[PDB]
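Down below is the structure, laid out as C-alpha cells.
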Amino acid sequence: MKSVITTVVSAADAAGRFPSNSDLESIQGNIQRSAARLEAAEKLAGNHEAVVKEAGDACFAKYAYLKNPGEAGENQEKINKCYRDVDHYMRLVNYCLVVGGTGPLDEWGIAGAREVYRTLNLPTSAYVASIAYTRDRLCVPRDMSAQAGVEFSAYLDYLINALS
Amino acid sequence: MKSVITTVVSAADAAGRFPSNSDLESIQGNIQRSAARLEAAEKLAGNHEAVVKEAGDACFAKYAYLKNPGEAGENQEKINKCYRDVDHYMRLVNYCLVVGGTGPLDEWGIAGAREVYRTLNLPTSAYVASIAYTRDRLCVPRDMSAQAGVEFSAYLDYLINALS
Amino acid sequence: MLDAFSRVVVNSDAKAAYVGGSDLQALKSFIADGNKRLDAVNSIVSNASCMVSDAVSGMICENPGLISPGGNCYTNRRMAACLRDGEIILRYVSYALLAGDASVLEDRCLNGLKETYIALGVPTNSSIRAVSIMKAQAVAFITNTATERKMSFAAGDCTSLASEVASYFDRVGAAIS
Amino acid sequence: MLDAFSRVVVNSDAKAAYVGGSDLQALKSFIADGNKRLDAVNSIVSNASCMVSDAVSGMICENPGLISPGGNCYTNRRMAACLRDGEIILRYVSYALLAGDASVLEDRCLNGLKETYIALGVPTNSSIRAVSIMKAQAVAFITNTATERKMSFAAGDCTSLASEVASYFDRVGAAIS
Amino acid sequence: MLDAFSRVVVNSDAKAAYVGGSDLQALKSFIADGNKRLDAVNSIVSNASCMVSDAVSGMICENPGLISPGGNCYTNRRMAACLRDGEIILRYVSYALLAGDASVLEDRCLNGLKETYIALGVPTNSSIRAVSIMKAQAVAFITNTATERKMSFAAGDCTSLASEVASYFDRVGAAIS
Amino acid sequence: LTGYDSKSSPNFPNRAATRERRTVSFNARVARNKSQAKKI
Amino acid sequence: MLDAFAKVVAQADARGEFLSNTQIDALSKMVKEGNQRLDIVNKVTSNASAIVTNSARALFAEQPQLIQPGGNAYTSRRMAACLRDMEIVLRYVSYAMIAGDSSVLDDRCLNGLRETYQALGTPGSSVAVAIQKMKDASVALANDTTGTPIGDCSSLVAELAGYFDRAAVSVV
Amino acid sequence: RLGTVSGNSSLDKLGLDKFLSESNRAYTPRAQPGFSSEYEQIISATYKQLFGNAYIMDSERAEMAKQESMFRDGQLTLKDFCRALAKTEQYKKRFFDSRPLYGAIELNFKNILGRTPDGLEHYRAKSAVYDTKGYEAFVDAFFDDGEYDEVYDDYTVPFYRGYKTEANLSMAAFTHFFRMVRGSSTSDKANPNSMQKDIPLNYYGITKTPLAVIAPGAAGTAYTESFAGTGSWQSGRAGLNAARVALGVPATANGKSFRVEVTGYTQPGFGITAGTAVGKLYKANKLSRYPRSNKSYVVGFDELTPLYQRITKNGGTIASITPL
Ligand SMILES: *C(=C)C1=C(C)[C@@H](Cc2[nH]c(/C=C3N=C(/C=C4\NC(=O)[C@H](C)[C@H]4CC)C(C)=C\3CCC(=O)O)c(CCC(=O)O)c2C)NC1=O
Ligand SMILES: *[C@@H](C)[C@H]1/C(=C/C2=NC(=C\c3[nH]c(C[C@H]4NC(=O)C(C=C)=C4C)c(C)c3CCC(=O)O)/C(CCC(=O)O)=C2C)NC(=O)[C@@H]1C
Ligand SMILES: *[C@@H](C)[C@H]1/C(=C/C2=NC(=C\c3[nH]c(C[C@H]4NC(=O)C(C=C)=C4C)c(C)c3CCC(=O)O)/C(CCC(=O)O)=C2C)NC(=O)[C@@H]1C
Ligand SMILES: *[C@@H](C)[C@H]1/C(=C/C2=NC(=C\c3[nH]c(C[C@H]4NC(=O)C(C=C)=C4C)c(C)c3CCC(=O)O)/C(CCC(=O)O)=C2C)NC(=O)[C@@H]1C
Ligand SMILES: *[C@@H](C)[C@H]1/C(=C/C2=NC(=C\c3[nH]c(C[C@H]4NC(=O)C(C=C)=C4C)c(C)c3CCC(=O)O)/C(CCC(=O)O)=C2C)NC(=O)[C@@H]1C
Ligand SMILES: *[C@H](C)[C@H]1/C(=C/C2=NC(=C\c3[nH]c(C[C@H]4NC(=O)C(C=C)=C4C)c(C)c3CCC(=O)O)/C(CCC(=O)O)=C2C)NC(=O)[C@@H]1C
Ligand SMILES: *[C@H](C)[C@H]1/C(=C/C2=NC(=C\c3[nH]c(C[C@H]4NC(=O)C(C=C)=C4C)c(C)c3CCC(=O)O)/C(CCC(=O)O)=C2C)NC(=O)[C@@H]1C
Ligand SMILES: *[C@H](C)[C@H]1/C(=C/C2=NC(=C\c3[nH]c(C[C@H]4NC(=O)C(C=C)=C4C)c(C)c3CCC(=O)O)/C(CCC(=O)O)=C2C)NC(=O)[C@@H]1C
Ligand SMILES: *[C@H](C)[C@H]1/C(=C/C2=NC(=C\c3[nH]c(C[C@H]4NC(=O)C(C=C)=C4C)c(C)c3CCC(=O)O)/C(CCC(=O)O)=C2C)NC(=O)[C@@H]1C
Ligand SMILES: *[C@H](C)[C@H]1/C(=C/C2=NC(=C\c3[nH]c(C[C@H]4NC(=O)C(C=C)=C4C)c(C)c3CCC(=O)O)/C(CCC(=O)O)=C2C)NC(=O)[C@@H]1C
Ligand SMILES: *[C@H](C)[C@H]1/C(=C/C2=NC(=C\c3[nH]c(C[C@H]4NC(=O)C(C=C)=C4C)c(C)c3CCC(=O)O)/C(CCC(=O)O)=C2C)NC(=O)[C@@H]1C
Ligand SMILES: C=CC1=C(C)[C@@H](Cc2[nH]c(/C=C3N=C(/C=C4\NC(=O)[C@H](C)[C@H]4CC)C(C)=C\3CCC(=O)O)c(CCC(=O)O)c2C)NC1=O
Ligand SMILES: C=CC1=C(C)[C@@H](Cc2[nH]c(/C=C3N=C(/C=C4\NC(=O)[C@H](C)[C@H]4CC)C(C)=C\3CCC(=O)O)c(CCC(=O)O)c2C)NC1=O
Ligand SMILES: C=CC1=C(C)[C@@H](Cc2[nH]c(/C=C3N=C(/C=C4\NC(=O)[C@H](C)[C@H]4CC)C(C)=C\3CCC(=O)O)c(CCC(=O)O)c2C)NC1=O
C-alpha cells in the first residue's frame, strides 16, 4: 500500500525517528490533490460497466485471432473469464485513486502477473491493447476535468510499462 | 539531508522504481508550505544579531554561576565563544527552513552533541535555557505570520528534545 | 502499512465492490479535517521526550517498589531501557495518528510484546500505569488543557481525535495484559 | 542527496552566511516553476519503458556488429543486461530532474561507471549513442514535439526544463569516456 | 601481539637456542622494575579523559582555522570524531607501555593510518600537534610534574619509563607524517 | 582430546547475545534450539 | 588539448557524420563573438599582478592564521609558493577562455590538485576563498567599458565566471 | 561529487552514498499473507547485498524459489535465507567455482560479513574448514562463529561495515575496503581488480600492506598496477612499479619524498606542441614512448613541481600522491 502516508512513516521507522516536519508537509500535498483524484474515482465507479465493455472488445477487434482453438478464446466461458479479467483492472485502478498512491496495483495486479500469464498461455499484448484503448479516447472537458485525466492516465500507463 | 525530495528519491532507490504519484504528490506539499515557511527564514536572517544577543543574555542571567572560575564561562573569550556557539544554532535553523525538512540540524549540530559537551564540560541544561526563551518569546501577530510561527517554533522543539 | 485510506480499500475488496459515492463521504470529511490531524501530531512531537520522562518517573511516584532493591527498575542499565521502552511505544502511536489506523503497531510494536515482558519478568501492573499517564499527557496536548504550555492554535473542536488517540492507548494495555 | 534547496545551503555554509533576499529569489522562482517540473517528470515516467527499447534497438541498428558473436550484446543475457544498464541510467536522470541538481546521478551512478565499463568491456562509443538517443527522446517528450504521442498540458514554455535535462544526459557521456 | 618476553624467544628461535645467562639478565630486570611499570600505567589511565580534552583543544587554540566553516573540526560530528580519534591513539600507546613492546600499536593502530587520513581529508600536519601535546602530558604524569595534580608515589626514579613512553608517542608522529 | 580445541556447538541453546536487540530478534534468540523437545 | 572548435569535430568524428547546416550556424555564431573573447583575456592578462596581490592581501587580512607563525603560509618560501599557485590558476583560466572550453584547465591544472593539497596539508577551504576572490576581481574588471566599444558581453562574462567556479570546486 | 570539505562530510563522497542510506530491517517474524509489496523489497535488498550488485535474470532467480518461500514463512534472514542463498548454485557459480580458494574467502567476507580479511590468520581460519569439511560447512563458518551474531541482527540485512571504527580490524583494512567496494554502480564482476576470475587482495591482503585510496569517479579512477617481486632470492624483476619506502640519500635531500601514481599515457601528446607527430610513429624497435601506461614515481619535494608539469604536459593524469 505504497501511498504518501505509508512511505514517510516507513522512512522514519527505518531510522528510528519521530514524524518530523519533512513528514508533516508531504502529507499536506495529499490534501491538495484529493479533489483531483477522488472525483476521477467515483466517475469510474458509476460507469465501470459501460467502459469495460468497449475496452474489452478492443483486443477482440485487433487480436481477432484469439478465438482459434488452442488459445485464449475458444468458448463463451473463456470470454466470460476475459471480461472479468479486465473488469478487475479498472477496479484496482479505482483503488489507486482512493488510496492516493500506486499501492493496490503492484501487489495484487502487477505482482505475480508475469508468471501466471506465461503458463496459462495468455498473450499479454491484448492486455496492453485493451488498457491503451480507454487510455486514448477520454476527452478532458466532458468526462473529467483537466486535472483528473492526468491523474487517471498516470495509473493507466503504469500498467502498460509493467506488463510490456 | 532529510528533506521532502531526498525522502522520496531515497525511498524509490531503495525499491528501485520510478517516481510515481506517491512521489509527486509529496512535492506538491512543498509548494503549499514555502509561501510561509520561507517567510520566517527571511525575517530571521535580517534580525539574527538582535536575537542571538537576547538569547544568550537570558542564559547567563539565569545560570550566573557559570562565570565563576573553574567553570566553562570563565573569561570574555569563552563568552565570545558562547555567542559563536549559539549563532550557529540560529543559522542551522535558518538552513532547515529553506530545505523544508530537518536536514542540517540532525547531522551538523545534533549528530555528536552528546560527546562534545560531556567532554568539554559544557552543560547541556543551559542550551535549553536559551532556546526555550526564543520559543516562549515568539509573538505571531506582529513579528511573523500565523503560519510561520507554527513551523518556526517546531524546529526549536526539535533541538530541545534532541538536546535533552 | 494500512492507514485510514487503505482501511476502506480492503473492506470493499473482500466484498468485491467499487468504492463509490455511498462511501466516499467518510473520506471527504477525513480530508477536509486533515489539518486537525496535522495540528495534533505537531502538538505531541514538540515535547515527545518530555512527556516520557514525566511519565516514566511519574509511574514510580505511585509505586516505590520499582527502585526497591531487586526491583525491575533498579540499576541505571534497567532505567536506561525503561526510558527506551517508553520512547518506542510513544513513537509508534505517533505513527498510528499520522496514518489514521492502528495497523502500524499490531505488526511492528505489539506483535509479540506480551511474550517478551513475561520472559524478562517485566510486570503487567506498572506498564499499564506507565501508558495510562502518558495517554493523559497525550490527550491533554491536542486540546489546550496542559498547564504550563498553551500553544496558539486556530479555534474549533478537537474532541474527535481525543476519543481516538486514547483508543490507541488502551489497546496496548489490553495486548500486554 | 542534494536537491536544489540543498545546494544553496552548502554554498552559504562555506561563507557561514544566512540565506536572504538575494538567494531566496532564485528559489522563489523554483517553487513558482514547480507545477511545470511536476508536470514534466510525469511525461517521462509514463513513456519510460518504451524509451529504453527504442534506444537499445537504435544503438544496434547503427552498429550491427554488436549482436555478432563476439559483440558485447551477443547472447540473450548480455542483451537483457543492456536493457537493464540503460534504464538505471534513465532512472537517475528522472531523479535529478525531480530534485533540481545533478548530485544524485553523480554520486550514485557516475561515481564508478568509468571503471565499471572498462572491466566488463562495454564499448564507450556505443553506450553514449544510447544515452544520446534518450537525451533527444526526453527533450522531445518535455516539449510536446513527439511524433506518435502527445500529452495534454496547460499551454506555456518548458525550454528551461528541456535544456536542464540535456545537461544531465551530457555529463553521463563525459563521465564514462 | 608481542611482549618483552616473547621478543626474546623469537630471537633465540632463530639460533635454535635455549635461554641462558646473558639473555635472562635483561629479562629479570624487566621483572625487577615490573612494579614501577604497573605504577606508571595506572597514572595515565586514571586521568586520560582530561588528557584527550586538553590535547585537542591545544591544537585548536594554536590553529584557529580548524573550526572555521570548511575547517576539519567544524561541525559536531567531525569534532566528536576528533575527540575519539585521539582517545583511540591514547588507548594503544598505554597498551605498548604495559606490555613493554611497540608491536601492538604498530599492528593495530599505526599500519595504514597515513593512507587513511589522506583519504578522509584529515590534516596530518595538525594531527601531530595533538600527539606531541599528549607526549608532554604523559611524561609529566609518570614523573610527578603535573602542575595541577600531584599523585602519591614511592620514592625512586622513573626516567627510563619516561624515555620509553616518549618513543611510542614519537613513532605515532613518524607513522602519519 | 578430540581436536586443537573443544568449542561448543552453535546448535546449543542460549548462545547469542540477547542484550539490546529488537523484540522481533529477542524472541528468535531465546528459542534457538528448544523447539524440538517442546514438541517431542 | 582542445578548443571549442576542435570539440565539435571530435564529437562528430565519433559518430562519423557530416556537419549539418545548423551546426555551421553555431560555429559562425561563435566567430562573431570573437573580438569580445579577445577583449576579456586582454583585460585580464594586463592586470594579472594586481589581480593576484590585491586578492592575496584580502585573503590574509581575514584569515590571519595563514601568515601567523605555524600556519601554511608562514615562511618567505611558503608565501612565495602561495602567490605562485594563485597565479598558476589564473593563467590556466585565461588559457581556458580563448579556447572556449575547460580542457586545458583540467588536464594541466586541476586533475591532481585536490590530491596534491591533501598530501601537503594545504587547507582546501582557503584555496577556494583565494580563487573566489580573484573571480569577481576579474569579472568586474571584464565589465570595464573603457577602450572597448559598448555592446553586450553578458554571455561571455558568465562563461568566465564558470571557469573560476569550476576550478574552485575542483580543489575543495 | 568529489572532495572532503564541501558538505562537511567525507564518506558519502567516496562512493558510499547509497550504502549510507539503507537499513532493510524486516520488522516482523513472518511475512503477512495477502500481501507481498513489503517483503519483496526485503528479498531484493538481500539479493543486491549478498550477490554484490550482481545481475540475476528471472530464470536464474526462479531456481531459488524454495528458499524465498521459507523466509517468507516463519524463518529468519541470516540462517534460513543468507545461509541458504550462499549454498545455492547461483552463488557458487560466481564466487566459488570461478576463483581459487582465497578469492572465495575474500568475497564471503565482503558479501556475508561486509569487511576485509586482514592478515594471514583470517584466511587460514577459513581455509582450514574447507580442507576437512567441504564447501557446505565452509559457508557455515562465516555464520556460526562469534562475529556475525554480535554485529548484524537476526532480521537485518548484512550492511557494509569494513570502513568504520567499530569493526575493530586495522587501518590497513580501511584502505582494502576501497579496493573491494568501488562505489555503488559497481559489482564484483565489474571492477578491474577482480573480474570474477581472480583474487582481488592477494599480496596486499596477506601482508597487510596499506594501499593508496583512489576515489571512484576521480580523474585517474582507471589506475591499476601489475605485480612482480624484486630481489634475487624470490627471483624477481626490477622496473615495474615504484618502491614504497624512499630509503637512501634521495629520501631527505630535495625535501621530503612522495609517491605519485599516473595512469593515462598514450603515444600522441608528448612534445612541446599541441598536435601529434607525423611520420614513422614508432622507433626502430617499435615499442612505444611509454611501454606501459600506469607508471608510478618516487619524488622529493623540491622536484615535485617540475615532475607535475612533466606528467600533465605529456598526457598523463595523477591518480594519487601519498607522502612517504
Ligand atoms: C509523582 C507522584 C508525580 C509526578 C512526577 C508527576 C508526573 C505526572 N504528571 C501527570 C499528569 C500530566 N503530566 C503532563 C505533562 C507535562 N505537562 C507539561 O506542561 C509539560 C510540557 C509535560 C511534562 C514534560 C500533563 C499535560 C498532565 C495532565 C495535566 C496535569 O497536570 O495533571 C501524571 C498523571 C497522574 C495520574 O492520573 O496518575 C503524573 C504521574 N505528577 C505526580 O503526581
Ligand atoms: C486540535 C488539535 C486543536 C485545533 C486544531 C485545528 N487546526 C485547524 C487548522 C490548521 N492547522 C494548521 C497547521 C497544520 N497544517 C499543516 O500543513 C501543518 C504542517 C505541515 C500543520 C501543523 C493549518 C495550516 C490550519 C488551517 C487554518 C490556518 O491556516 O490557520 C483547525 C481548523 C480547520 C478545521 O477545523 O478543519 C482546527 C480546529 N484547534 C483547536 O482548537 C485545538 C487546540
Ligand atoms: C513543459 C514541460 C510543458 C508544459 C508544462 C506546464 N504544466 C503546467 C501545469 C500543471 N501540470 C500539473 C500536473 C502536475 N502537477 C502535480 O502536482 C502533479 C501530480 C502530483 C502533476 C502531474 C498541474 C497541477 C499544473 C497546474 C495547472 C493549473 O494550476 O492550472 C503549466 C501551466 C502552469 C504555468 O504555466 O506556470 C505548463 C506551462 N506545458 C507545455 O505546453 C509544455 C509542453
Ligand atoms: C587536563 C587539564 C589534564 C592536564 C593536562 C596537561 N596538559 C599539559 C600541558 C599542555 N597543555 C596544553 C593546552 C593548553 N595550552 C594552550 O595554549 C591551550 C589553548 C589555547 C590549552 C588548552 C598544551 C599546549 C601543553 C604542552 C605544551 C606543548 O608541549 O606543546 C601538562 C604538562 C604539565 C602542565 O603543563 O601542567 C599536563 C599534565 N593537567 C591535568 O592536571 C589534567 C589531568
Ligand atoms: C615512576 C614511574 C614513579 C614511581 C614509581 C615507583 N613505584 C614504586 C612502587 C610501587 N607502586 C605500586 C603500585 C603499583 N603496583 C601494583 O601492583 C599496581 C596495581 C595492581 C600498582 C599501581 C606498588 C605496590 C609498589 C611497591 C612498593 C610500595 O609502594 O609499597 C617504586 C619503588 C619500588 C620499586 O622501585 O620497585 C617506584 C620508584 N615513583 C615515582 O616517584 C615516580 C612518580
Ligand atoms: C472525447 C475524446 C470525444 C468523445 C468520444 C465519444 N465517446 C462516446 C461514448 C462513450 N465514451 C465513453 C468513455 C467515457 N465514458 C465513461 O463513462 C468513462 C469513464 C468512466 C469514459 C472515459 C464510453 C464508455 C462511451 C459509451 C457509453 C457512454 O456514452 O457512456 C461518444 C458517443 C458514441 C461514440 O461515438 O462512441 C463519443 C463521440 N466524445 C466527445 O464529446 C469528444 C469529442
Ligand atoms: C519502563 C516504563 C517499563 C519497563 C521497561 C523495560 N523494558 C526492558 C527490556 C526490553 N523491552 C523490550 C521491548 C522494546 N524493545 C523493542 O524492540 C520494542 C518495539 C520495537 C519494544 C517495546 C525488549 C525487546 C527488551 C529486551 C532487552 C532489550 O532489548 O533491551 C527492561 C529491562 C532491560 C534489561 O533487562 O536490561 C525494562 C526495565 N519495565 C518496567 O518495569 C516499566 C513498566
Ligand atoms: C547496454 C546499453 C550496454 C551494455 C550493458 C551491459 N551492462 C552489463 C553489466 C553491468 N552493468 C552494471 C551497471 C548498472 N548497474 C547499476 O547498479 C548501475 C547504476 C547504479 C548501472 C549502470 C553492472 C553493475 C553490471 C554487472 C552485472 C553482473 O556482473 O552481474 C553487461 C554484462 C552482463 C553480464 O556479463 O552478465 C552488458 C552487456 N553493454 C553494451 O554493449 C551496451 C552499450
Ligand atoms: C582529531 C584529533 C583529529 C581528526 C580526527 C578525525 N578522525 C576522523 C575519522 C576516522 N578516523 C579514523 C581513525 C581511528 N579509527 C580507528 O579505528 C583507529 C585505529 C584503531 C583510528 C586512529 C577512522 C577509521 C575514521 C573513519 C570514520 C569512522 O570510522 O567512523 C574524522 C572524520 C569523521 C567524518 O568523516 O565525519 C575526523 C575529523 N581530524 C582532525 O582534524 C584532528 C586532527
Ligand atoms: C565585452 C567584455 C566588452 C565589449 C566588447 C566589444 N568589443 C567589440 C569590438 C572590437 N574589439 C576589438 C579588440 C580585440 N580584437 C583584436 O583583434 C584584439 C587583439 C589584437 C582585441 C583585444 C576590436 C579590434 C574590435 C572591432 C571589431 C568590431 O567592430 O566588432 C564589440 C563590437 C562593437 C559593438 O558591438 O558595438 C564589443 C561589444 N564591449 C563592451 O561593452 C564590454 C565591456
Ligand atoms: C495451489 C494449487 C494450491 C495452493 C498454493 C499456495 N501455496 C501458498 C503458500 C506457501 N506454500 C508453501 C509450501 C511450499 N514451500 C516449500 O518450501 C515447499 C516444499 C518444500 C512447498 C510446497 C509455503 C512455505 C508458503 C508460504 C508463503 C510464501 O512462501 O511466501 C499460497 C499463498 C501465497 C500467499 O499467501 O501469498 C497458495 C495460494 N493453495 C491452494 O489453495 C491450492 C490448493
Ligand atoms: C483480482 C485480480 C485478478 C486479475 C488481474 C485476473 C488475473 C487472472 N486471470 C485468470 C484467467 C483468465 N484471464 C483471461 C483473460 C484474457 N485472456 C487473454 O489472453 C486476454 C488478454 C484476456 C481477455 C480480454 C482468460 C481467457 C482466462 C482463463 C484462462 C484459463 O482458465 O485457461 C486467472 C486464473 C484463474 C482463472 O482462471 O480465473 C487469474 C489469476 N483475475 C483476478 O482475479
Ligand atoms: C557548526 C557547528 C558548531 C556547533 C554547534 C558548536 C559546538 C561547539 N562548541 C564548542 C565550544 C564552546 N561552546 C561554548 C558555549 C557554551 N559553553 C557553555 O558552557 C555554555 C553552555 C555555552 C554558552 C552559550 C564555549 C564556552 C566553548 C569553548 C569551551 C572551551 O574549549 O574552552 C566546540 C569545540 C570547538 C571550539 O572550542 O570552538 C564545538 C564543536 N561549534 C560549532 O562549530
Ligand atoms: C555446551 C555444551 C555442549 C554439549 C554437552 C554438547 C551437546 C551436544 N551433543 C550433541 C550430539 C551427540 N552427543 C553424543 C554423546 C553421547 N551420546 C551417548 O551415547 C553418550 C551417552 C554420550 C557421550 C558419552 C552423541 C553420540 C551425539 C551424536 C552426534 C550425531 O548425531 O551425529 C549435539 C548435536 C550435534 C552438534 O550440535 O554438534 C549437541 C549440541 N554440545 C555442546 O555444545
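Ordered as shown in the C-alpha cells, chains take letters A, B, and onward, while each chain numbers its residues from 1 and ligands are numbered from 1 in the order shown.
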Once chain D is superposed on chain E with a least-squares fit on all C-alpha pairs taken in order, can you show it as a compact mmCIF listing (two decimals) with C-alpha atoms, in the first residue's frame?
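out_3.txt written:
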```
# COMPACT_ATOMS: atom_id res chain seq x y z
CA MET D 1 50.65 -9.24 20.47
CA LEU D 2 54.35 -9.35 21.40
CA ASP D 3 55.25 -8.23 24.91
CA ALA D 4 58.83 -7.82 26.13
CA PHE D 5 59.19 -11.51 26.97
CA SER D 6 57.67 -12.32 23.57
CA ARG D 7 60.41 -10.33 21.84
CA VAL D 8 63.41 -12.26 23.18
CA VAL D 9 61.80 -15.52 22.05
CA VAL D 10 61.40 -14.50 18.41
CA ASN D 11 64.90 -13.04 18.45
CA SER D 12 66.31 -16.30 19.82
CA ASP D 13 64.14 -18.38 17.49
CA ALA D 14 65.90 -17.02 14.40
CA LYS D 15 69.12 -18.33 15.91
CA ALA D 16 67.24 -21.44 17.09
CA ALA D 17 68.88 -20.91 20.45
CA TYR D 18 67.97 -21.47 24.07
CA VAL D 19 67.43 -18.43 26.26
CA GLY D 20 70.12 -18.35 28.92
CA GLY D 21 72.17 -16.43 31.46
CA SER D 22 72.99 -13.60 29.06
CA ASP D 23 69.43 -12.91 27.88
CA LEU D 24 67.57 -13.67 31.12
CA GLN D 25 69.42 -10.83 32.85
CA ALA D 26 67.71 -8.28 30.60
CA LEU D 27 64.34 -9.72 31.60
CA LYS D 28 65.24 -10.21 35.26
CA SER D 29 65.46 -6.43 35.54
CA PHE D 30 62.09 -6.31 33.76
CA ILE D 31 60.39 -8.11 36.64
CA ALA D 32 62.32 -6.10 39.23
CA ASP D 33 61.11 -2.89 37.57
CA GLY D 34 57.58 -4.23 37.19
CA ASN D 35 56.13 -2.62 40.29
CA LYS D 36 57.08 0.79 38.86
CA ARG D 37 55.54 0.06 35.46
CA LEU D 38 52.33 -1.07 37.16
CA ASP D 39 52.57 2.08 39.29
CA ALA D 40 52.90 4.29 36.20
CA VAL D 41 50.20 2.97 33.85
CA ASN D 42 47.84 3.54 36.80
CA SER D 43 48.84 7.21 36.66
CA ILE D 44 47.74 7.56 33.01
CA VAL D 45 44.55 5.51 32.98
CA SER D 46 43.39 7.73 35.86
CA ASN D 47 44.01 11.02 34.04
CA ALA D 48 43.07 9.71 30.60
CA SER D 49 39.79 11.49 29.83
CA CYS D 50 41.27 14.88 30.67
CA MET D 51 44.45 14.42 28.61
CA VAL D 52 42.41 14.03 25.42
CA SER D 53 40.23 17.13 25.69
CA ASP D 54 43.22 19.20 26.78
CA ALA D 55 45.04 18.13 23.60
CA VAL D 56 42.22 18.61 21.12
CA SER D 57 41.64 22.07 22.57
CA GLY D 58 45.39 22.69 22.55
CA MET D 59 45.60 21.81 18.87
CA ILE D 60 42.62 24.07 18.16
CA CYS D 61 43.97 27.02 20.16
CA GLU D 62 47.11 27.09 17.97
CA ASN D 63 45.23 26.52 14.70
CA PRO D 64 41.91 28.40 14.84
CA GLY D 65 41.11 27.62 11.22
CA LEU D 66 40.40 24.01 12.17
CA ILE D 67 36.92 25.04 13.37
CA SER D 68 36.33 27.40 10.46
CA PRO D 69 33.75 26.24 7.87
CA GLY D 70 36.00 24.17 5.68
CA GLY D 71 38.32 23.11 8.48
CA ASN D 72 38.58 19.49 9.40
CA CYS D 73 37.05 19.87 12.82
CA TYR D 74 34.22 22.18 11.84
CA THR D 75 30.90 20.62 12.87
CA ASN D 76 30.02 18.61 15.96
CA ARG D 77 30.33 15.21 14.27
CA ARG D 78 33.76 16.04 12.89
CA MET D 79 34.79 17.32 16.31
CA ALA D 80 33.30 14.34 18.15
CA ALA D 81 35.40 11.99 16.03
CA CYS D 82 38.61 13.89 16.76
CA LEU D 83 38.02 13.20 20.43
CA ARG D 84 37.54 9.57 19.40
CA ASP D 85 40.51 9.46 16.98
CA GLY D 86 42.75 10.96 19.65
CA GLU D 87 41.93 8.51 22.42
CA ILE D 88 42.30 5.28 20.46
CA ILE D 89 45.85 6.51 19.84
CA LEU D 90 46.26 6.96 23.59
CA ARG D 91 44.66 3.59 24.34
CA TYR D 92 47.30 1.67 22.40
CA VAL D 93 50.15 3.63 23.99
CA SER D 94 48.75 2.57 27.36
CA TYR D 95 48.89 -0.98 25.96
CA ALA D 96 52.49 -0.79 24.71
CA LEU D 97 53.65 0.60 28.03
CA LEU D 98 51.89 -2.29 29.75
CA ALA D 99 53.59 -4.96 27.63
CA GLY D 100 57.05 -3.54 27.10
CA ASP D 101 57.46 -3.44 23.34
CA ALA D 102 55.91 -1.37 20.60
CA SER D 103 54.17 -4.11 18.63
CA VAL D 104 50.57 -3.58 19.69
CA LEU D 105 50.18 -0.03 18.37
CA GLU D 106 52.40 -0.77 15.38
CA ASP D 107 50.28 -3.55 13.89
CA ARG D 108 46.83 -2.47 15.09
CA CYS D 109 47.02 1.34 14.86
CA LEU D 110 49.97 2.53 12.76
CA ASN D 111 49.53 -0.30 10.23
CA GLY D 112 47.00 1.57 8.12
CA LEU D 113 46.84 5.05 9.69
CA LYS D 114 48.84 6.73 6.92
CA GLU D 115 46.19 5.94 4.32
CA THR D 116 43.39 6.44 6.81
CA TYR D 117 44.32 10.10 7.13
CA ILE D 118 44.99 10.71 3.42
CA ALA D 119 41.53 9.41 2.55
CA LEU D 120 39.56 11.43 5.08
CA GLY D 121 41.65 14.54 4.53
CA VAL D 122 42.92 14.94 8.09
CA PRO D 123 45.89 17.36 8.25
CA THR D 124 49.05 15.50 9.17
CA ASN D 125 50.53 18.51 10.92
CA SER D 126 47.61 19.24 13.22
CA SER D 127 47.31 15.63 14.34
CA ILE D 128 50.98 15.25 15.25
CA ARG D 129 50.68 18.38 17.37
CA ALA D 130 47.91 16.66 19.33
CA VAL D 131 50.15 13.62 19.72
CA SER D 132 53.06 15.80 20.83
CA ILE D 133 50.87 17.38 23.51
CA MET D 134 49.89 13.98 24.96
CA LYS D 135 53.54 12.98 24.74
CA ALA D 136 54.39 15.81 27.11
CA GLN D 137 51.28 15.19 29.21
CA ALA D 138 52.23 11.58 29.87
CA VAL D 139 55.90 12.33 30.57
CA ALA D 140 54.88 14.97 33.10
CA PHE D 141 52.44 12.48 34.65
CA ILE D 142 54.92 9.61 34.93
CA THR D 143 57.31 11.76 36.83
CA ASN D 144 55.39 13.70 39.47
CA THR D 145 55.94 16.98 37.65
CA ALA D 146 52.38 17.89 36.68
CA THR D 147 51.21 21.31 37.81
CA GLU D 148 47.65 20.81 39.02
CA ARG D 149 47.64 17.14 40.06
CA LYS D 150 50.11 15.09 42.09
CA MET D 151 49.80 11.39 42.89
CA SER D 152 51.38 9.67 45.88
CA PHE D 153 54.15 7.24 44.93
CA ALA D 154 57.02 5.52 46.66
CA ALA D 155 60.13 7.59 46.08
CA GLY D 156 62.59 6.72 43.33
CA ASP D 157 63.21 7.15 39.60
CA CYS D 158 61.15 6.61 36.45
CA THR D 159 63.36 8.34 33.89
CA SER D 160 63.73 5.12 31.90
CA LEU D 161 59.97 4.58 31.85
CA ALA D 162 59.47 8.22 30.84
CA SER D 163 61.71 8.09 27.78
CA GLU D 164 60.20 4.75 26.73
CA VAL D 165 56.70 6.16 26.34
CA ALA D 166 58.08 9.16 24.46
CA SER D 167 59.46 6.71 21.89
CA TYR D 168 55.98 5.20 21.50
CA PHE D 169 54.47 8.61 20.78
CA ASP D 170 57.38 9.54 18.52
CA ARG D 171 56.70 6.75 16.03
CA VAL D 172 53.06 7.77 15.62
CA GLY D 173 54.34 11.00 14.09
CA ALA D 174 56.79 9.08 11.93
CA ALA D 175 54.13 6.63 10.75
CA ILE D 176 51.31 8.96 9.65
CA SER D 177 53.69 11.46 8.06
```
**OP:** Might you pull out every residue within 9 Å of region 25-36 of chain F, with only C-alpha atoms counted and same-chain residues fewer than 3 positions away left off, and present them as a list in words?
**Re:**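 The filter keeps residues 112, 115 and 116 of chain C; 11, 12, 13, 14, 15, 16, 17, 18, 19, 20, 21, 22, 39 and 40 of chain F; 29, 76, 153, 154 and 155 of chain H.
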**OP:** Step one, run DSSP on the backbone; step two, keep only residues of region 40-125 of chain A assigned to helix (DSSP H, G or I); then write them as a VMD selection string.
**Re:** chain A and resid 40 to 45 48 to 62 64 to 67 76 to 80 87 to 96 105 to 109 113 to 119 124 to 125
Subject >> Distance filter 10 Å around ligand 10, atoms: only C-alpha atoms and all ligand atoms, out as a PyMOL selection string >> reply: chain G and resi 32-43+139-157
